[PDB]
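K.L.:
Okay, handing you the structure first.
Each reported figure results from applying straightforward, stated rules to the coordinates on display, with no laboratory input. Cβ: placed from backbone, ideal geometry, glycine included. Neighbour counts: every protein chain shown.
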Amino acid sequence: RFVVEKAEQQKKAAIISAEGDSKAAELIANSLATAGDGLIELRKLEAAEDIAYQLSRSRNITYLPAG
Amino acid sequence: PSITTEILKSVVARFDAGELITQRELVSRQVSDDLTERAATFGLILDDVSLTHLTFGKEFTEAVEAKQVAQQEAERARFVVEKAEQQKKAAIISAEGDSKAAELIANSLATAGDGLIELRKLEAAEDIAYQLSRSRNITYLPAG
Amino acid sequence: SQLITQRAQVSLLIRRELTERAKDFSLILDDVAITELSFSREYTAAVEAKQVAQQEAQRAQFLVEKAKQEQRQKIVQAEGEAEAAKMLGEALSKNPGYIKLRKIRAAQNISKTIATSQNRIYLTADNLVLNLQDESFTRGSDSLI
Amino acid sequence: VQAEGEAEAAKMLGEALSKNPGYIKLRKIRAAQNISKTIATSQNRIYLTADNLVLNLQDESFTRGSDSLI
Amino acid sequence: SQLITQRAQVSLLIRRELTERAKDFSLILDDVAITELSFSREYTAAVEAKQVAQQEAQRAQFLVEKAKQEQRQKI
């Protein structure tokens, strides 16, 4: 029964996060429908740089050639 | 032993840890009066009766820590949101810089082909081949 | 539950029972009291689990507030991203060459970080543009006309 | 209870993503960054693809993204 | 928070309490002083994290100017 109460609180805290994500998506969609998805390409390049840096110290990560 | 144990157990079984902590005066008065009454039968005056060492279980300590960290997290997040606002400002600024750069290059490239891209590709190939020319863990396998 | 919560009543009941029982044995019981009570580890585990379940059902109350703050931060960051998208997608409306130039610069930066890395990279020799007879040699230039 | 929460979330989120689902792509990029962060300290044996390094500038797929942006 | 920020109030209150309590025992309490106070490492971690939050809100203020300069470089 107390676990059910916990699940009720978790449902509340998940609806809240869903509202946050929905607001973010609303803003970004309103922007991108009019503008176009170039920001996504720029973020792709920035994330490629950032990930290549993040994995630059692990010794168990290997980069095999494409295909 | 018997009187002390019985008095303490009877006093504490009335309430719980939260109630014990919240009202120290109540528990102190209860223990003092009960011990004095019990020792009246046995004729031993209690010059001073004082409980002075409280220690709870790890469960209630964890609960208290959660309660405190709730308010502490509220206080710290009140500034974390400000930090996120500043980061949003510093990201709009970088976006403006990148957008202006893109505007310049697009204006200069729409009218004048895109040979610069090819030249920069060759220059970057040279530069990268130099940069990776010292690492011993980089290998160049043939195309396909 | 009744015994612990009403330990005093059981204590006085057993006091009366013991004094009346031992009375026939010519033994006066000056004082009868309970000194210890213990159960099997499973019952204590169950009660501890009840307490921890109550504690977690309380902790959810702070999880929800943490979710509220995270929602606010997410909305702030998304506002930033949306404004950046509207101010930068208009530039690339005409010709997105800047993306290709940025990609080249990102390749150079990734090379710089990789050179000192600890991974085991296996690039492709085509990166060295050494094969000058491959029929892909003129692809880039051929694309300019 | 959990399904009630999920359905209520889905309503609003789908209404938001009705127009243009760019937020999904941006979230995917952020999730890639987070996965990289967690992997960097992991004990697994990862074998990525050198294409992740966008170092092959001469490949025919280099201009793919920009081509999709027209 | 109140105990520390109002340490003087609690200190003098405990001083008066000790004086009154020990008066019956024929002991004159010249002065009562709190020579030290400490908490669990978790509470101190929380206050350190509060200072971290404030200094992060400052580091962001510096990062925005750094971003301005980086924008100029990009332009």
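K.L.:
Can you find even one residue in segment B:133-144 that is touching an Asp or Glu at 6+ places or on another chain (Cβ under 9 Å) and among the aliphatic types (A, V, I, L, M)?
P.N.:
Yes; the residues of segment B:133-144 include at least one that is touching an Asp or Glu at 6+ places or on another chain (Cβ under 9 Å) and among the aliphatic types (A, V, I, L, M).
K.L.:
Okay, moving on. Can you give me the number of residues within segment C:96-136 that are of a type in the set (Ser, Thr, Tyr), in a helix (DSSP H, G or I) and closer than 27 Å to B:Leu109 by Cα?
P.N.:
Here the count works out to 2.
K.L.:
A further question follows. Taking segment C:58-108 as the region of interest, how many residues are within 7 Å of chain A (Cβ to nearest Cβ) and hydrophobic (A, V, I, L, M, F, W, C)?
P.N.:
Number of matching residues: 13.
K.L.:
Right, something else. Among the residues of segment A:8-24, is any surrounded by fewer than 22 Cβ atoms within 10 Å (Cβ to Cβ) and within 30 Å of C:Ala125 (Cβ to Cβ)?
P.N.:
no
K.L.:
Same structure again: Quick check on B:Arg136: is it without any contact (Cβ under 8 Å) to a residue 12 or more places away in the chain and under 24 Å from C:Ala67 (Cα atoms)?
P.N.:
Taking the combined requirement at face value, the residue does not satisfy it.
K.L.:
Additional query: Can you tell me which residue in segment A:1-59 is farthest from the chain's Cα centre (by Cα), limited to those that are in a helix (DSSP H, G or I) and among the hydroxyl-bearing types (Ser, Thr, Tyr)?
P.N.:
Among them, the one singled out is A:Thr34.
K.L.:
For segment E:22-58, which residues satisfy the criterion of being charged (D, E, K, R) and either in contact with a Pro (Cβ under 8 Å, 6 or more places away or on another chain) or surrounded by 12 or more Cβ atoms within 10 Å (Cβ to Cβ) (or both)?
P.N.:
Residues satisfying the conditions are E:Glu42, E:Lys50, E:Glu56.
Yes/no per residue for (1) within 15 Å of B:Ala13 (Cβ to Cβ); (2) not small (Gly, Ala, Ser):
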residue: C:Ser1; (1), (2): yes, no
residue: C:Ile4; (1), (2): yes, yes
residue: C:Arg7; (1), (2): yes, yes
residue: C:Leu12; (1), (2): yes, yes
residue: C:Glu17; (1), (2): no, yes
residue: C:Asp24; (1), (2): no, yes
residue: C:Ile28; (1), (2): no, yes
residue: C:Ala33; (1), (2): yes, no
residue: C:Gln55; (1), (2): no, yes
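K.L.:
If you go through segment A:14-51, how many residues are within 16 Å of D:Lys11 (Cα to Cα) and at the interface with chain C (Cβ under 7 Å from one of its Cβ atoms)?
P.N.:
7
K.L.:
Now for a different question. Quick check on segment B:91-143: of everything there that is facing another protein chain (nearest Cβ under 7 Å) and in a loop (DSSP other than H, G, I, E, B), which residue is nearest to D:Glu60 (Cα to Cα)?
P.N.:
Among those that are facing another protein chain (nearest Cβ under 7 Å) and in a loop (DSSP other than H, G, I, E, B), it is B:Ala143.
K.L.:
Hey, could you check segment B:25-47 for residues that are surrounded by 14 or more Cβ atoms within 10 Å (Cβ to Cβ) and not hydroxyl-bearing (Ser, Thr, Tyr) and say which is nearest to C:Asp31 (Cα to Cα)?
P.N.:
Looking at residues that are surrounded by 14 or more Cβ atoms within 10 Å (Cβ to Cβ) and not hydroxyl-bearing (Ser, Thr, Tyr), I get B:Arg38.
K.L.:
Within the set of pairs 6 or more residues apart or between chains, which connect a residue that is without any contact (Cβ under 8 Å) to a residue 24 or more places away in the chain inside segment B:41-58 to a residue that is surrounded by 10 or more Cβ atoms within 10 Å (Cβ to Cβ) and of a type in the set (A, V, I, L, M, F, W, C) with Cβ atoms less than 7 Å apart?
P.N.:
Close Cβ pairs satisfying both conditions: B:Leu46/B:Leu35; B:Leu46/B:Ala39; B:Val49/B:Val31; B:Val49/B:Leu35.
K.L.:
Provide a single number: the residues in segment C:109-145 that are more than 7 Å from chain A (Cβ to nearest Cβ) and under 20 Å from A:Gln54 (Cα atoms).
P.N.:
The qualifying residues number 4.
K.L.:
Still on this model: Quick one: which of E:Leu18, E:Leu13 is in contact with a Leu (Cβ under 6 Å, 6 or more places away or on another chain) and at negative phi?
P.N.:
E:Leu18
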